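Every residue, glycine as well, gets a Cβ built from its backbone with ideal geometry; the counts of neighbours run over all protein chains shown. Any read-out appearing in this document is the output of simple, stated calculations on the displayed coordinates, not a laboratory observation.
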Amino acid sequence: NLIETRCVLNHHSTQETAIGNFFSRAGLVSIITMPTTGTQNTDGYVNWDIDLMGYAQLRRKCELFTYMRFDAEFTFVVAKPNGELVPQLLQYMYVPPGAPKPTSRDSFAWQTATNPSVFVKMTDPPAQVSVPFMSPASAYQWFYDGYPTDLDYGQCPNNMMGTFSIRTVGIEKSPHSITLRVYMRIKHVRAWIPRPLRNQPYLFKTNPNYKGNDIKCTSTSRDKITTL
Amino acid sequence: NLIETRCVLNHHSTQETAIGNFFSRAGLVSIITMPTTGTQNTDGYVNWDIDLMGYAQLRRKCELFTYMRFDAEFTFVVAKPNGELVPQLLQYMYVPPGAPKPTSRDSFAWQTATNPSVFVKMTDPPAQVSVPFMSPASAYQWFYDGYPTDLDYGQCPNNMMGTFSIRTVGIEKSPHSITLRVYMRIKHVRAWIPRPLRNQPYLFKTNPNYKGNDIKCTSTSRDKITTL
Amino acid sequence: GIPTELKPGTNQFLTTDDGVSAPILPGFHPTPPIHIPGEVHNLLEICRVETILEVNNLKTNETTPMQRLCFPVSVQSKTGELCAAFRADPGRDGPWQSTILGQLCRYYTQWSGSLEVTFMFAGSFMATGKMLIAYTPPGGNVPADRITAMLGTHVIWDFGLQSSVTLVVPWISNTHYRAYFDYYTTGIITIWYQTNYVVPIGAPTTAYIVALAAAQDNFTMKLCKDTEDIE
Amino acid sequence: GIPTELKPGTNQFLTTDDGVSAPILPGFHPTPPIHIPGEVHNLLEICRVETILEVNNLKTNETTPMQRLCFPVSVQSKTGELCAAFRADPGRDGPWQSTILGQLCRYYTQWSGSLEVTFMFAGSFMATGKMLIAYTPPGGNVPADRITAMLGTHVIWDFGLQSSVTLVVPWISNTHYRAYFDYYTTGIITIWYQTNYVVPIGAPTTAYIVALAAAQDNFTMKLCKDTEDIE
Amino acid sequence: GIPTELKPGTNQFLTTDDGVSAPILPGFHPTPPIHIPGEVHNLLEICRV
Amino acid sequence: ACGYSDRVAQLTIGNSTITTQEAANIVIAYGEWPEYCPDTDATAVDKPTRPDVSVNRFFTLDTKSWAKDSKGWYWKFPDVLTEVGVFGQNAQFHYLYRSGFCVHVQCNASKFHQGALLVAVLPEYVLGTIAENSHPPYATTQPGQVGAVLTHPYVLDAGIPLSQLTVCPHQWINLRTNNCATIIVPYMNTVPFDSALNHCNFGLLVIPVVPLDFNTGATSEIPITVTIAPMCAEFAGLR
């Protein structure tokens, strides 16, 4: 509707609009499930590449800028598929960029001291960690108009943020099915170069391809330029 | 490969290369398992000599130096063989060098006040402790070109760091099978005399013997001195 | 052993709690920053940037979208006839959805301040004529005709003299609620043909205007909320 | 009873958290330190130390490895013919794997700075001759022949005057990633026979050169990671 | 509510940890000391004998 | 920027001159001026090459004809000049590159023509196909001198509204008034020196928001000439 009543006669706080508060708040970026046995769990481990272009809502927000630098905070919510918590010991290993990722439920990859791991019981309150600005360049960039050497067009490897190796501790397999929600919160934000906002459904994580057969108009349509 | 793209034009922080940060980070040095009954557990106790030359990765790093001094920190991760945690009470006794080690599941050795013990439930978060520089000499040494008195050649007893006596509390045996991972982290590091890095597979914990039948070349080979 | 008691809240994870998690890599030194032009500090810096208004948002336009960025004026039009109209409803569906501003509102709940709508004539440098831009305040009645609109806040625009002209909406306010309705206090804008479109022999009898808007320094916003712009 | 609330993270063991564990032996006084020469404070102190490059890494050499530390030059070689070549890829497989530097790179991810490669002639004090050391920058084309290399950065080495000579690689960079590939920006080195190898009657017609490298004061490294040098 | 996180070690009893246990009898005043000859401060005092 | 009623000038640089009208209405990208790269360890043992020879002059690209149906054009920098003059062989034989720009756009039309051209610059101008996966070709991703034509100008061939491109250093050309634009562009990257061949720091766009109109009998194609001038262009050899 449009109830033209109750007019706000007081200016609002500029803090609200500040990039800091715009890109604050923890948010779900990934959901991993390690049930006992079915399709992809006769293993007992998971390798999750820290991916931000996971949920379009977050992504479209970032894409508003060309280059962005920031620290991140991760929190691990874990419980069985039905919300129940059991006394199961877990291990989350952080595999830094350009570092060997577990391939087996017991790869030596899990013992490497340089790959920092965090231990926590399922009953323990959520595990929290802060992962810095791993990029080799002065800032992350959502766009790279060049080539890093074509199928590898626009791919910038200077953005790789690392991987998270989850799994249950113990020689044997875990008797429980797990499903953990990964929350991420950007700290210390800085953005440069503001660019036009997305106006076409996203079709790929790596590029800005759009369904050219169906190009949608940014604003709804009406009958006449005067019907209002 | 060799993608000659993305050149790093900024010098990196010298802190990285500092011996402190090189030899930092906790790491798995030992894994003990005390299942209920099978081969070596009709006992119910374990004596682990604090051994650093356990994992070649750590060892090869140290061997880079002749003498080294440092404080250590130990953390005990315990759970059943399958990752489950139960309300089982544990006792870890530190048997200092030149001190009587338990031989039975109930040796008076476990009561001796001078052998500091730490108590903790399996549900309790991991137990952590710091063990100093126990050496009688000004520093530990990975090499001793002499004799301590030949089968005892190169053996330096001034390096003995102590033993850890693990076991479950209670007159009776524990109904649960245990498997605890021992992590160690070197604090306050100081190194002297840097020596050539290892280039032959390790064959013994106590010496630098190498398979003389198969001596491996430090660097891969190629066809011509000009094929590049 | 310092005497302490755990109070309610202990062990909870509040997706909006500002605390410090441990550093995953303490020995690491992040690639130091450098200088890069165009740094942004507050979204408003962007909202003050004029963007194109899709005033010609006709269902007939969806297949040839470019057309929606501008609207036409011709000789055929008689003096005093309405050219176009649209309310100043940034956060609401319509023309504004194409502007950077109209968009960034969807990411917030409340907001208020002044806006400035600009009109730029692009016809041939040989044509003349006047247009009557008129603002109809919130709660006001929409102009009946050119004369009833001349008595309200307006601006006679001789595009024969200025190829561009700016109007300023004095104030608007939105207080978003659900039931979905907008406590949007906004006015309307009307373009009237003060005089007929005049052109000599050799010049196009149909020209175009591009409309652009943006917030003024007193425009603000509060309370974030994920938009309903994507799927 | 001080009011406190346990925040997320409570009870976790982060293999990289820098805290204080209790002293297992509080009444103990560690054997006090003494002074010992050769204390090391930063690995770089070691990387600035030249070590032998295995430029003669031939499959044919693996059974008589010593041979890999030096390469030969003889009269048979004609003037202008290539003697040897190898890129400045410290952290990468090849000749450098024998140097203290080439090794310590494997224990890190990124790195960059200047390197200095040295060449020491060992033939008999009666021989003369010139060699053309040439550096081919990153992304550059490998010298076609002695003349096309003389136009690039080089150094004519009369070992009849200096039994040793040093070249300096200006800069190199490695940014390690997986997919395993190296964002290694490195140049190449070529040794050309400027003049034929000259010797009088009584002196060996085949001499040897030993190559040695090391980082210069501006070489750095970051991000540790256990090597793949052992098994 | 002061934000705190329990680090490894929490709940352990280290037979060699020097802490303060609560006073079982806070209102009690121990029989004050007096002077007695032959006080010993360091075993070595005895080893020199 | 430049329009009717402005004293005609004659700017000369090197062995080249353009008769452009002096109009103190130039666009300065993100409020910055093109300068000489701040000290970075790479150019400390390898000083940067700054050819002021035949690299600092006025490059004029082949004019483009503007017809009633033209959809737009675009150019990638530095790709556009990579094949042109010493700016090419210099940018090629030298690994690293860094430079700012004076970008001049100019129409030539009668006072009986009408049209509106938007002219903006866009850092990291990545493009996307119509799709299934398929990264754009190499001929349209890095068009070079000739440039490429826009196919879907409404979303800018990148799924993003044209209606919002003014959030970038833009400049309007409204025949009815001015007839030429000018833009100062400062180097923009995440590193001081990048690769002059692989990466294109930004793209130049010339889109006709308001189509070109005239009454038949008048020139049917309007020329759009673009002149480019490098500002403080350095190159790192690393040898």
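Could you line up F:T17, C:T175, A:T218, B:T149 from fewest to most neighbouring Cβ atoms inside 10 Å?
Listed from fewest to most nearby Cβ atoms, that is B:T149, F:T17, C:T175, A:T218.
Would you mind checking the pairs B:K61/B:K205; D:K59/D:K225; A:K101/B:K216; A:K224/F:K68 and listing those with alpha carbons more than 19 angstrom apart?
D:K59/D:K225; A:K101/B:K216; A:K224/F:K68
May I ask you to list the chymotrypsin sites (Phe, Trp or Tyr not before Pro) in segment D:97-138 that are in a DSSP loop and have at most 14 other Cβ atoms within 10 Å of their Cβ?
Passing both the DSSP loop test and the Cβ count: D:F125.
Under a cut-off of 14 Å between alpha-carbon atoms, report the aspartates and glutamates in cross-link reach of A:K121, not counting same-chain residues fewer than 8 places apart.
Straight-line reach from A:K121, under 14 Å: A:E84, B:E84, B:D124.
Across all directions of projection, what mean area in square nanometres is found for the Cα convex hull of segment F:68-211?
9.6 nm²
Looking at segment D:29-146, I'd like the Rg to Rh ratio, where Rg is from alpha-carbon atoms and Rh is Kirkwood's inverse mean 1/r.
Value, to two decimals: 1.08.
Just to be sure I understand: if I project the alpha-carbon convex hull of chain B onto a plane and average over all orientations, what area do I get in nm²?
One quarter of the hull surface, i.e. the mean projection, equals 19.5 nm².
Give, rounded to the nearest 20 debye, the magnitude of the charge dipole that segment A:107-204 has about its Cα centre when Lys and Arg contribute +1 at Cβ and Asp and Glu contribute -1 at Cβ.
440 debye
Between D:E62 and D:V155, what FRET efficiency follows from the Cβ-Cβ distance if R0 is 35 Å, with the result rounded to 0.05?
Using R0 = 35 Å, I get an efficiency of 0.65.
Distances in nm, one decimal, shortest first, from A:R25 to the same residue in every other copy, taking the label point 7 angstrom along Cα→Cβ.
Result, one decimal in nm: 3.6.
Helix-only estimate, please: 222 nm mean residue ellipticity of chain C, summing -39500 (n - 2.57) across DSSP H runs of length 4 or more and dividing by its residues, to the nearest 500.
Roughly -1500 deg cm²/dmol at 222 nm, from the helical runs in chain C.
Using the Cα centre as the reference, give the magnitude of the dipole from point charges on the C-beta atoms of chain F (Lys, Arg: +1; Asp, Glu: -1; all else neutral), rounded to the nearest 20 debye.
520 debye
Averaged over F:191-198, how many beta carbons belonging to a partner chain fall within 10 Å of each residue's beta carbon?
6
If you plug each phi of segment C:151-166 into the Karplus form 6.51 cos²θ - 1.76 cosθ + 1.60 with θ = phi - 60°, what whole-Hz ³J(HN,Hα) values come out, in order, with x for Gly and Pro?
8, x, 4, 8, 7, 6, 10, 8, 6, x, 10, 10, 7, 8, 8, 10
Output wanted: per-residue J couplings in Hz (rounded whole) for segment A:37-50, from phi through Karplus 6.51 cos²θ - 1.76 cosθ + 1.60, θ = phi - 60°, x for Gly and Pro.
The phi angles translate into 7, x, 10, 10, 9, 5, 8, x, 8, 9, 10, 10, 6, 4 Hz.
With +1 on each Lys and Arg Cβ and -1 on each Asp and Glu Cβ, and nothing else charged, work out how big the dipole of chain B is about its Cα centre, in Debye to the nearest 20.
500 debye
Please arrange E:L44, C:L69 by counting, for each residue, the other beta carbons lying within 10 Å of its beta carbon, fewest first.
Result, fewest neighbours first: E:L44, C:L69.
Which whole number gives the average, over all residues in D:157-168, of C-beta atoms from other chains lying within 10 Å of the residue C-beta?
0
Show which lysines lie in cross-link reach of F:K64 when reach means a straight Cα distance below 17 angstrom and same-chain residues fewer than eight apart are skipped.
The qualifying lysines are F:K76.
Which whole-Hz ³J(HN,Hα) couplings does segment B:214-224 yield from phi under the Karplus relation 6.51 cos²θ - 1.76 cosθ + 1.60, θ = phi - 60°, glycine and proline marked x?
10, 9, 8, 6, 3, 10, 3, 9, 9, 5, 10
Please name whichever of F:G217, F:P78, F:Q142 sits farthest to the positive end of the charge dipole of chain F, dipole taken about the Cα centre and charges placed at Cβ: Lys and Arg +1, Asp and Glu -1.
F:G217
Name the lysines eligible as straight-distance cross-link partners of C:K7: C-alpha to C-alpha under 21 Å, and not fewer than 8 places from it in the same chain.
D:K7, E:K7
With a 10 Å Cβ neighbour count serving as the proxy for reagent exposure, in which order, fewest first, do A:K121, E:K7 appear?
Exposure proxy ranking, most exposed first: E:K7, A:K121.
Return the long-range amide H neighbours of D:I230 (sequence gap of 5 or more, or a different chain), with a cut-off of under 5 Å between placed amide H atoms.
For D:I230, no residues qualify.
How far apart, in nm, are the 7 Å Cα→Cβ label points at C:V198 and C:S74?
2.1 nm
Label-to-label distances across copies for A:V86, with labels 7 Å out along Cα→Cβ, in nm, shortest first?
1.4
For each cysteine in chain F, check whether another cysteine's C-beta sits under 4.7 Å from its C-beta; list those where none does.
So, F:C37, F:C102, F:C107, F:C168, F:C200, F:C232.
Averaged over every viewing direction, what's the projected area of the C-alpha convex hull for segment A:99-228? Give it in nm², one decimal, please.
In nm², the orientation-averaged hull projection of segment A:99-228 is 15.5.
Would you compute, from DSSP H runs of 4+ residues alone, the mean residue ellipticity of chain A at 222 nm, taking -39500 (n - 2.57) per run and dividing by the full residue count, rounded to the nearest 500?
Mean residue ellipticity, 222 nm, calculated: -1500 deg cm²/dmol.
For chain D, take the alpha-carbon Rg, divide it by the Kirkwood Rh, and send me Rg/Rh.
1.16
Taking a temperature of 4 °C and a viscosity of 1.567 mPa s, what whole-number D in µm²/s does Stokes-Einstein yield for the protein assembly as shown with Rh from Kirkwood over alpha carbon pairs?
36 µm²/s
In units of 2.2 N^0.38 Å, what is the alpha-carbon radius of gyration of chain E?
2.08
Report the residue of chain A with the smallest Cβ-to-axis distance, using the rotation axis that brings A onto B, in whole Å.
Residue plus distance in Å, as requested: A:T123, 7.
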